[PDB]
Each structure stands twice: as C-alpha cells, then as structure tokens.
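The structure under discussion appears below in the form of structure tokens.
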Ligand SMILES: *[C@@H]1O[C@H](CO)[C@@H](O[C@@H]2O[C@H](CO)[C@@H](O)[C@H](O)[C@H]2NC(C)=O)[C@H](O)[C@H]1NC(C)=O
Ligand SMILES: *[C@@H]1O[C@H](CO)[C@@H](O[C@@H]2O[C@H](CO)[C@@H](O)[C@H](O)[C@H]2NC(C)=O)[C@H](O)[C@H]1NC(C)=O
Ligand SMILES: *[C@@H]1O[C@H](CO)[C@@H](O[C@@H]2O[C@H](CO)[C@@H](O)[C@H](O)[C@H]2NC(C)=O)[C@H](O)[C@H]1NC(C)=O
Ligand SMILES: *[C@@H]1O[C@H](CO)[C@@H](O[C@@H]2O[C@H](CO)[C@@H](O)[C@H](O)[C@H]2NC(C)=O)[C@H](O)[C@H]1NC(C)=O
Ligand SMILES: *[C@@H]1O[C@H](CO)[C@@H](O[C@@H]2O[C@H](CO)[C@@H](O)[C@H](O)[C@H]2NC(C)=O)[C@H](O)[C@H]1NC(C)=O
Ligand SMILES: *[C@@H]1O[C@H](CO)[C@@H](O)[C@H](O)[C@H]1NC(C)=O
Ligand SMILES: [Zn+2]
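Protein chains in written order, with our numbering: chain A, 84 to 297; chain B, 99 to 750; chain C, 124 to 346.
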C-alpha cells in the first residue's frame, strides 16, 4: 500500500560527524513512523518513539524530526559501532511496509585492492570441473567490477561473487569471484584473466595465468 | 485501516468481554437485594456495585487515546462517545464534593420534610403518605389550599438556596464538557451527527417541541374549558367561568396528571367502565395465568417465547411472610440471556395491564441482546417506555378482552362508554403535556440565563397562566422555589422524556394498526393475531442504539421527526364531542383573573413628589415596614371595634 | 526479564508445511499482540500479520492470506506460525516480535532472534574441497594469495581454518553462495609474502559439523 522510501541508500561517513538520514513518505503519515537499528546477524532495536521522542536505554545523539510526510533521523558525531541497516516503519495503514535500508560504512581514504588469481587445483580437474578464483583484498569502495576474460573474451553468466562485511579494524571490504567451467571447456582455452576496476586504480588491473604453465 | 481504528476496535473487544461478566455480578447482587431485603444483602451489592462504578472510570480514561475524527466505523464510534464522556469528573475536587452534598441534601428534604397541622401542631404529615392522599381524595377547598401552600412554602424555601447553588454548579460541569449550559447537556440524548441526512441538532429539539405543541393547543383548550365547567359545580363561587383554574384543585399536588378529576368530570356517570377484575376471580386466574395470557399475546404478533429461565428466576408473586421485598414493577436485563420480572401481582384489571406493560420491556430487551454492551438501550430516552405502553394500550381494548375468555361474547359496547374511556385517557395523556412542556421550557431558560435569579418565581407563574392555564391561589415571591417541590426537579432528572414518549406512543400505534388492517377508529385497535405488524416493530426493536433514532422511527412510522397528527386522530371522537359540549361555554382563559383579586387593595406610592430631594430609596426593608404597618392597623381595628385579640403578623 | 524465545533453524523439503514456535518470557502474555515479519537475506523487511493471544483474532497482509496460519496456546505461553505449500521462495529469516500495551502504543519493543527457514531437498551433503594455488596472476610485489574452495554442501554451518587456527593475518572466508542446484559453496583465501610461496605450512582444515567431515588440504604454487 504505502510506499516508504529512504532518501539515501548507502552512507560511508567517518566518525565524529553529524549526519542526517531521511525517510520520505507516500501519502500522509502523521508522525507515526518508528526508526529501527538492526546490526549484523541480530534483531532490530528501537530508535525513535513517534517522531522525536526517544526510548530509554539508547545513548544520546539519536534524534528524529519532522512530521506529516518528511522525517529525518539525525545522528550527531557518530560512533564507530553505529553501523547497521536503519529502517523506518509505518503507522496508518495496517500492512506496515518497512522502509528500504541505509547501510552505514566508514573510512575516508580509498585503498586499491590487492588482486590475486588462482587456477583450479589438479584434484578438481580429476573430478571434471574447474573453479577459477579471483580475490580482491582490502578495499573501501565496494563498487568494484570483476571482469573475467577467457582468451580475451569477456565471460558472462558463469561467475559468482561474495563480499565480506566492512572490516572492524581498517573499514575495508574484500571480494571473491569464482568462475566455474567444465574440465572439457577449461581445456579448450589458454589465458584466464581477471580484470578489476576500482576507484583507487587509475586503470584496471588484470591478474592472469596460462593454463598448463608451471 | 489506520492503526487508530484497529486499536479502538480491539480495546472494545477486550472491554465487552470484561464488562459483561462484571455487570452481571453487579446486577445479580442487586436482584438478590430487592427480592430478599436483608442488611447482609445491602453491602453485598455495594461492594459489587463499586466494582462496576470504578471499572467504568478506569476504562473511561483508557478511551481518551482514540480521538473521533479518524474513526470511519460508526458502530465503533458510537460506543466511544458513551465511554469518553467525562461527566462530573471534569469538575474540581472540592466542587465535585460540594455538588454531591447539594444533591443529597435536596433529595432528603423532599423525602423527609413534613408539614404540621396549624391547630394541632403535634400531627405532621410527610408527602408520600398523607399529603398526597389529601390532594387526591379531598373535595374541601380549604383543606386542599392548606396542604398545597404549606408544603409549597417549606420545601420551597429549602430547595431554593440549594437549587440556586446547584444550577450555578451544573453549568460549570456542562461548559467544561463543551456544551453551552446544562440544558444543552440534557438535549444531547437526541443529537445525531453525520449519518447522511438523518442528522438532528441539539437546538432542533426546542423547535420541534414548540412546533408540535401548537397543534395540541386546540385540543387542550376544549379539555381545559370542559373541566372548568364541571369544576364550577363542585366548587361554586370559587372558579371564574372565563379565567384560569386554581392550582390546588387539579387532582394532585402539582397538577401533573388530571386523572383524579375523573369522578367530578365523568360524562355519563351512570354507565360503569369496562372492568374485568371479577371475571378473573370467577375463572380463578392466579398470578401465573395472566402472564401466560400475556406471553401468548406476544407470540400472536410474531415475537418469540420467553427465555425458558424467565419462569424459574422471577418474582411473579408476593411471598407474604417475613421474607421481604420491594414491589415496584421493574423489568430486569441482568445480562447473558437473563431477563426477570419483579412485581407482587394481584388479581385486578390493571395488574393484568401492567403485566402487558412490563413484558413489553422484556421483549424490548430480548431483541437487542446481539448488540454490543454499550448499545443495549432504547434509541433515545423516549423509546423504552413508549413500546411498553402500546402493549397495554392494545390489551385493554374490549375487542381483545372478549376474545381472551373474559367479557362474555354477546356484549355490544355503547358509544357513551367510549366517551367515558376517552376522557379518562385524556385526563392523563393530554392533561400532562402542557405541564411537561412548561416545566422543561422553564428549566431550559434558567440554565442558559434567559431568566435572571430575581425573576425565577415571576416567570414560573407567568408561564403557568399562559401555557398551562393554571393560576396560583396565593402570590409567591422570590423566596419560594415551587418548581423544586416536584420530585424530578430536586432529584436532577430530565423531564422532556415524558413529552416525547407521549408523541412516539401514538405514532407507534397508528403505524401498527395500518399494518394490521384496522378499519374503525384508532382507540379500538388491536395488533394481536397480526404477524406483519410485529415485523414492523421487531425491525426497530433489534437495533438498540446501533442506528440513530431518526432512522429507527422510519423503520416503523415512515418518518424522521416526531409527529402529533397520530395523537389527534386518537382523541378525534372526543374532540368532536367536546366542541358540542362547549357551544355555550367559553373556550380559552384570561391571564388576569386571580383567586385573590376581588379582595385586593392597590397601593400607589409617589415618593419624589411628597419629598423630592431628601427622599429615601424604596428597597425590600421599606416593604417590610409597610407590611408591619398594615398588620398594626388590622390589630387596632379588631380590638377597638370588634373586641377581639387577633395577632396579625407581617406574614399575613 | 522480558525476552522472547525462538525455536529451530528448520530445513524443510519444499511443498510441505512448517511449524515456527515463539515462546514468551517475563511479561504476562495475553497482554501483548504477537506479530511476525519476513526478512529475505539482503532485502528489506515486510509484514506477515499478527495473532492476538486474547480472543485468538488474526489479521494478515494481502500477500500472505491463505499462505500462513497463526495460532497460540494460552496454557504454555507459546505462539505458533505455520506456513503451508512451501515453495522455494519462502526461504528467509522469520522474526516474532510483540508491541507493548494491547491497544495503546502500536510500536514494536522486543524481538526474537529469527528462525532460519530453508526450503531444499536432497538431504544433507558433504563438501568437496580444492586448493586454489598461489600464482603469479595472484602475486603482486611483496605478497601472493592462496586459498581453499569448499563447495557443494547443504548443511549450512561449515568451517574452514588455516593451519589448525594458526594464521589470522589475511585469512578471509567469504560468504557461502547458494547455487541453483540447491547446495552451498564458498572459498576462503589468505595472502602471504611472495617470498613465502611454498616455504611454510598452509593447510586448510575443513570441518562440517552437521556431518562429521574433517579434511586438511595443502595449497602449493602451481606445481
Ligand atoms: C435471603 O438472604 C439470606 C442472607 O442474607 C439467606 O440466608 C442464607 O441462607 C443459606 C441457606 O439457604 C445459608 O447457608 C446462609 O448461611 C444464610 N445466610 C445468612 C447470613 O443467614 C436466605 O436464604 C435468603 N433467602 C432466600 C429466599 O434466598
Ligand atoms: C465495525 O466494526 C465491527 C466490529 O466491532 C464490524 O462487525 C464485524 O463484521 C464482520 C463482517 O460483517 C463480522 O465477521 C464480525 O464478526 C463483526 N464483528 C463483531 C465483533 O461482531 C462491523 O462490520 C464494522 N462496520 C463496518 C461498516 O465495517
Ligand atoms: C475529559 O477531561 C480530561 C481532563 O481530565 C481531558 O484531558 C486530557 O488529559 C490528558 C492527560 O492524560 C492530557 O495529556 C491532555 O492534554 C488533556 N486534554 C485536554 C483538552 O485537557 C479529556 O480530553 C476530556 N475528554 C473529553 C471527551 O472532553
Ligand atoms: C387469534 O386467532 C386464533 C385462530 O384464528 C383464535 O383462536 C380461536 O378462538 C376462537 C374463539 O376465541 C375459538 O372458537 C377457536 O377454536 C380458536 N382457534 C384456535 C385455532 O385456537 C384466537 O382467539 C385469536 N386471538 C385474538 C386475540 O383474536
Ligand atoms: C350514540 O349513537 C346514538 C345513535 O346514533 C346517538 O343517538 C342519536 O343522536 C342523534 C343526534 O342528535 C339524535 O338526533 C337521535 O335522536 C339519537 N337517537 C336516539 C334513539 O336518541 C347518540 O347521540 C350517540 N351518542 C354519542 C355520545 O355520540
Ligand atoms: C412457544 O412455546 C410453546 C410451549 O410452551 C410451544 O408450543 C410453541 O411452539 C413455542 N413457540 C414457537 C414459535 O415455537
Ligand atoms: Zn416503568
């Protein structure tokens, strides 16, 4: 029914900063939204009672504002442990459609990933399948691109990626992309390459090997 | 849906569960008191009653979290208005305890105040025995004028000061509930808000009452003139044939009902009225057959049987022994399908009729048992006692009596018996409508300040000479409170519910006799053996307060307001007969004649001509000195001319 | 104190029915509605409905009418959510949460921990392991990366350590991926100075706890 949208989608603000997170309404929701802080692998908690009233047990700096159709969650001089997906609930209509989500990252400087390509192990090629892993180590902007190329042909639709949670020490990300082939199809090409694009790289980095060269 | 609505709905669901099992305990404890008067049973219902009265005040403050502007369901909104109303909880702490002391003082002065004989001051009469039986039975002019005046004066003075204080307070309770005054608080029972063309304002009731009263005024003037002609033969040289009637000659203490003037004003006294009190003895009718004849009266129109626990749990017959009970005929709505009737039934004609009257309330309560708890009532304050009086109206007809077993079948009624019946009805029905209209019109103008506090008793007797046509026999200044000497005024009761009950009663009767295909006049009608008339009644009975009362009227009579043309069709054989009896007499009254007027002496004082300057002001203390100078002049004349010693005072 | 208790990370064959139980603690019980929400992993939350413990009244959103039923036992303070006709789509974390009051304040207070409901057949399966060798493609300057690929297993909780838990530097296990086949797969990689390609021990210890699989695999440069 009511479509609850969040004005940002992802923030990566440094600590000690006063920020503002906005959930825009759909129709007329009269001060009946609630803000929820959900950390990783947990259940969400409460942040704002109706529009600005706070739940006891929360620390300071958590304040909401606005009414009618425009609301703003305000955090002042944020904590390093104030990460999570910050939702906004609905009042009026029964089907309380939970807002989108606004992740909170940190760090200021972006460090280009260390890239590394790993050919399939000889044990796997016995089994009859070839996984080709490409690793991107430590990196702020997660908006990285991994282009596989096989004999210089861009490979589409046989890879899978996953990414780690923002690191609690250095606030970086790490990414692993796996290219999966049959033994038969693997043995039909020579150069396997992994080309990584990222903001900390002036031009993309390619790590590559040549099937069958010790 | 909005959370608000859901919340409200739920709150009401958990409310009606915990209200029905708790109201059942407060009502069953009061039932066990009234059938079984023990002082063990007094606080048996008082700790259970205060468990109910405290439960409402907890759940009233919980209902304030749901405002009304966003509720779209009307059934939910109607239960919230009955529960969110603050009442006397909006006053201060010391004012809410001051108001309850005034109300307990006025109700104690009324019930325990007595009046002593002047020549034997050791015999003093209370109102309810002794003083009511003087005004209802005596034919002596001097004994009726004594009671009246005396009681009047005393209770008057008392209720006076207290009444003023009470009026002053009750207005603060109503203005803090966002009403104009206390009169606007009382008219809120008839208010309907936003049901798309069935609306009804609180100020529209004053217009609808004054519009329907001006059509009763031709019928009331012919009844007032016929009673005045028949009263001049019982009190000669006391009633002017063109003036008003004296207030103490009207059958009871206030003149509310004229029903005790039937023995003086009966049109054909040689013909007895239809009475079946002896055939019920000759057929050996106990106090179970007439309730079985009343129950089969309702199954003939399509209403259901009794609830099969009504016969076991009832008080249909007096114990007689030391086991004591109160005998006021009440219907009971204890809850969860428990309906009980409490009356010590004799074998008489009227207890056969009161059995039809009280079972009308039970058939009303058995209809809206499927409603929610706060909507188990009449559609307004007039509907409840109007359904109960069209059951006794049809059951007392000779067409119904001759087919029930009584009133032997070769019995043709006379057209002089029907006039004897219609006048006994009009002395109670029509005779109370100018009294009911004038009393609420006086109270509505006092509460909103249209009558100042120094003109309360001036405007009371100005409105009685003009509207009611009744003159006082002794002039009453602003030390009296003659309206507060009535029970409903000094005990804080709304009195407009007796005007509208009279108009709905004949609107219901005319709408049911057309459904039962009645041919003759309206006053000989029966609704029995007519299922299609009980269908038109049950469609209003099952509503309760779930629909507005303007919509409940259209389910019976096909209209939206109250109408007075069904009342005049009932008394149409009497109205044509009264216009023949008042061919030579004078119809109407003049508001100038007075019973003390031909023995009065007019005094005219011109202060600024005998003195000019150095002229004093004429306040109430100078009127005291004038009354003591006249009382001095009467004392000297009776001593020096007639040799009597008569102690005239300034109060004479 | 006031807590809500959840039950079971249930793996169900698709097409069947499930029974999710939410046990209460602390507060009374029949004095706080119990709601249920669905959260797809990597997606936002949405609403199922609620069951009132008093009066056993239920309400649903339009996407779940005829999909799930809600029941409650007053004598044991447990609330039930039971879905039926389970497709592959109803595979999410299901939260049970209450709001305080009963009609007053309609905002959530305390939550469960979510019962992970997975819809897949083929029973349980053990992992297949390969070593991802360190290579010059992966080498850059001072460091080079090597790892272990552990794939095709159903029973979600699986662990891979490096050298019996020795190396904590650069060791990063990536979130498991769920294939179309219905089985999970993941790969854990660690960087180590390029002077140390084969020099020291780098053996990944794979342990599968629902089964009893324990295998150590050594990773060495491309021959
Ligand atoms: C009227 O009320 C009294 C109590 O006020 C009842 O007396 C009780 O009778 C029962 C037996 O029926 C005894 O077990 C109780 O101990 C009595 N109570 C007292 C205080 O004496 C009496 O029975 C009632 N009468 C009727 C007809 O119900
Ligand atoms: C106003 O609310 C009442 C509930 O208090 C609604 O009554 C329900 O109606 C549905 C369908 O007619 C029934 O299944 C329920 O059993 C009813 N509730 C109860 C408590 O009896 C009513 O319908 C609502 N009014 C409108 C116009 O929707
Ligand atoms: C009835 O009277 C009460 C006062 O006792 C009104 O009160 C509100 O009370 C709450 C406290 O719970 C306050 O927060 C509000 O500010 C009060 N409002 C006002 C206008 O005083 C209550 O509104 C009254 N209800 C009605 C129907 O008149
Ligand atoms: C209602 O109708 C029934 C049936 O038409 C009447 O019952 C009849 O009454 C007459 C005399 O009173 C008897 O001779 C018949 O034997 C009765 N018939 C039956 C089937 O009982 C009844 O009297 C009518 N009641 C009224 C008030 O008119
Ligand atoms: C009752 O009905 C009878 C019969 O119709 C009425 O008696 C007649 O009244 C007219 C009217 O003046 C006279 O001219 C006739 O001479 C009367 N008939 C007899 C036999 O005397 C009688 O007036 C009616 N009574 C009432 C009160 O309506
Ligand atoms: C009412 O009760 C009587 C028995 O006392 C029964 O004969 C009759 O059928 C009942 N009425 C209806 C409408 O069933
Ligand atoms: Zn009554």
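Even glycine gets a Cβ: it sits at the ideal position worked out from N, Cα and C.
Spatial neighbours of residue 182 of chain C within its chain, please: C-beta separation below 7 Å, excluding the five flanking residues on both sides.
The answer, listed in chain order, is 172 and 173.
Does the beta-carbon of residue 258 of chain C have 16 or more other beta-carbons within 10 angstroms, so that it is buried, or is it exposed?
Buried, by the Cβ-count rule.
Starting from residue 544 of chain B and walking both ways along the alpha helix (DSSP H), at which residues does that stretch end?
According to the DSSP assignment, residue 544 of chain B belongs to the alpha helix (DSSP H) that extends over 531-545.
For residue 157 of chain C and residue 137 of chain C, which I take to be in contact (beta-carbon distance under 8 Å), what is that distance rounded to the nearest angstrom?
No, residue 157 of chain C and residue 137 of chain C are not in contact; Cβ-Cβ is about 27 Å, not under 8 Å.
Please report the residue range of the beta strand (DSSP E) in which residue 372 of chain B lies.
That residue, residue 372 of chain B, is in no beta strand (DSSP E); it is neither H nor E in DSSP.
Roughly how many angstroms separate the alpha carbons of residue 150 of chain B and residue 507 of chain B, rounded to a whole number?
Approximately 54 Å between the Cα atoms of the pair.
Is residue 136 of chain B close to ligand 1? I mean its beta-carbon at under 6 Å from any heavy atom of the ligand.
Yes, Cβ of residue 136 of chain B sits closer than 6 Å to a heavy atom of ligand 1.
Alpha-carbon spacing of residue 608 of chain B relative to residue 123 of chain B, whole angstroms
Whole-angstrom Cα-Cα distance: 40 Å.
Taking the CB atoms as reference points, tell me whether residue 484 of chain B and residue 300 of chain B lie closer together than 7 Å.
Residue 300 of chain B is positioned such that its CB atom lies no closer than 7 Å to that of residue 484 of chain B.
If we count the other Cβ atoms within 10 Å of its Cβ and call it buried at 16 or more, is residue 154 of chain B buried or exposed?
Exposed: under 16 other Cβ atoms inside 10 Å.
What separation, rounded to the nearest whole angstrom, lies between the Cα atoms of residue 292 of chain C and residue 313 of chain C?
Taking the Cα positions, residue 292 of chain C is about 7 Å away from residue 313 of chain C.
Tell me the rounded alpha-carbon separation between residue 114 of chain B and residue 469 of chain B.
One C-alpha to the other measures close to 11 Å.
Quick test of your reading: residue 255 of chain C and residue 265 of chain C, contact by CB under 8 Å. State the CB separation rounded to the nearest angstrom.
Between residue 255 of chain C and residue 265 of chain C a beta carbon distance of about 20 Å is seen, past the 8 Å cut, so the two are scored as non-contacting.
Interface residues of chain C facing residue 111 of chain B [CB-CB closer than 7 Å]:
Simply 178.
Say whether the segment 270-289 of chain A touches the segment 225-236 of chain A, bearing in mind that this needs 3 or more beta-carbon pairs closer than 8 Å, one atom from each stretch.
The answer is yes - the segment 225-236 of chain A touches the segment 270-289 of chain A, with three or more Cβ pairs under 8 Å.
Comparing the C-beta of residue 247 of chain A with each C-beta of chain C, is any distance below 7 Å?
Yes, because at least one Cβ of chain C sits closer than 7 Å to the Cβ of residue 247 of chain A.
Around ligand 4, which residues pass a check of Cβ closer than 5 Å to any of its heavy atoms?
Any residue whose Cβ sits closer than 5 Å to a heavy atom of ligand 4 makes the list: B:501, B:626 and B:627.
Under 7 Å, Cβ to Cβ, is there at least one residue of chain C near residue 200 of chain A?
Yes, its Cβ sits closer than 7 Å to a Cβ of chain C.
Please classify residue 147 of chain A: is it buried, with 16 or more other beta-carbons within 10 angstroms of its beta-carbon, or exposed?
The Cβ neighbour count for residue 147 of chain A, taken over all protein chains shown within 10 Å, is at least 16; the residue is labelled buried.
Please list, in chain order, the residues of the segment 168-191 of chain B that have any C-beta partner in chain C closer than 7 Å.
For the segment 168-191 of chain B, the set of residues with a beta-carbon nearer than 7 Å to any beta-carbon of chain C is empty.
Pick out the complete beta strand (DSSP E) segments inside the segment 407-466 of chain B, 3 residues or longer, and give them in chain order.
Whole beta strand (DSSP E) segments, 3+ residues: 428-431 and 437-440.
Let's see if you can read the secondary structure: which residues bound the alpha helix (DSSP H) around residue 114 of chain B?
Segment 101-133, the alpha helix (DSSP H) holding residue 114 of chain B.
Of the listed residues C:328, C:135 and C:304, nearest to residue 286 of chain C (C-alpha basis):
Checked all of C:328, C:135 and C:304; the closest Cα to residue 286 of chain C is C:328.
In chain order, what are the residue ranges of uninterrupted alpha helix (DSSP H) at least 4 long that sit wholly in the segment 260-302 of chain B?
Runs of alpha helix (DSSP H) with 4 or more residues, each lying fully within the segment 260-302 of chain B, are found at 280-284, listed in chain order.
Tell me, to the nearest whole angstrom, how far the beta carbon of residue 378 of chain B is from that of residue 504 of chain B; I am working on the premise that it is less than 8 Å.
Contact check for residue 378 of chain B and residue 504 of chain B: beta-carbon distance about 7 Å, within the 8 Å limit, so the pair qualifies.
Residues near residue 298 of chain B in its chain [Cβ-Cβ closer than 7 Å; skip 5 each side]:
Correct list, in chain order: 288, 289, 290 and 648.
Please list the residues of the segment 169-185 of chain A that have a C-beta atom closer than 7 Å to any C-beta atom in chain B, keeping them in chain order.
Answer set for the segment 169-185 of chain A: 174, 175, 176 and 177.
Inter-residue spacing [alpha-carbon to alpha-carbon] between residue 147 of chain B and residue 121 of chain B:
Rounded to the nearest angstrom, the two C-alpha atoms are 9 Å apart.
Check the Cβ-Cβ distances between residue 232 of chain C and every residue of chain B, and say whether any is below 7 Å.
Closer than 7 Å: no.
Assess, as a yes-or-no matter, whether the segment 563-577 of chain B is touched by the segment 631-638 of chain B under the definition of 3 or more beta carbon pairs within less than 8 Å.
Touching, no.
Interface partners of residue 278 of chain A on chain C, CB under 8 Å:
Here the premise fails: no neighbours, minimum Cβ distance about 11 Å.
Partners in chain A for residue 391 of chain B, counting only beta-carbon separations shorter than 9 Å:
Per Cβ cutoff of 9 Å: no residues; residue 391 of chain B is ~55 Å from chain A at best.
Going by DSSP, what residues sit across from residue 277 of chain A in a beta bridge?
Partner(s): A:231 and A:290.
Would residue 257 of chain A and residue 220 of chain A qualify as a contact pair, given that the criterion is a beta-carbon distance under 7 Å?
Taking 7 Å as the cut-off, the beta carbon of residue 257 of chain A is found closer than this to the beta carbon of residue 220 of chain A.
Determine whether the beta carbon atoms of residue 561 of chain B and residue 536 of chain B lie at a separation below 7 Å.
At the C-beta level, residue 561 of chain B and residue 536 of chain B come within 7 Å of one another.
Nearest residue (CA-CA) to residue 268 of chain A, options A:225, A:88, A:259 and A:211:
The option with the nearest alpha carbon to residue 268 of chain A is A:211.
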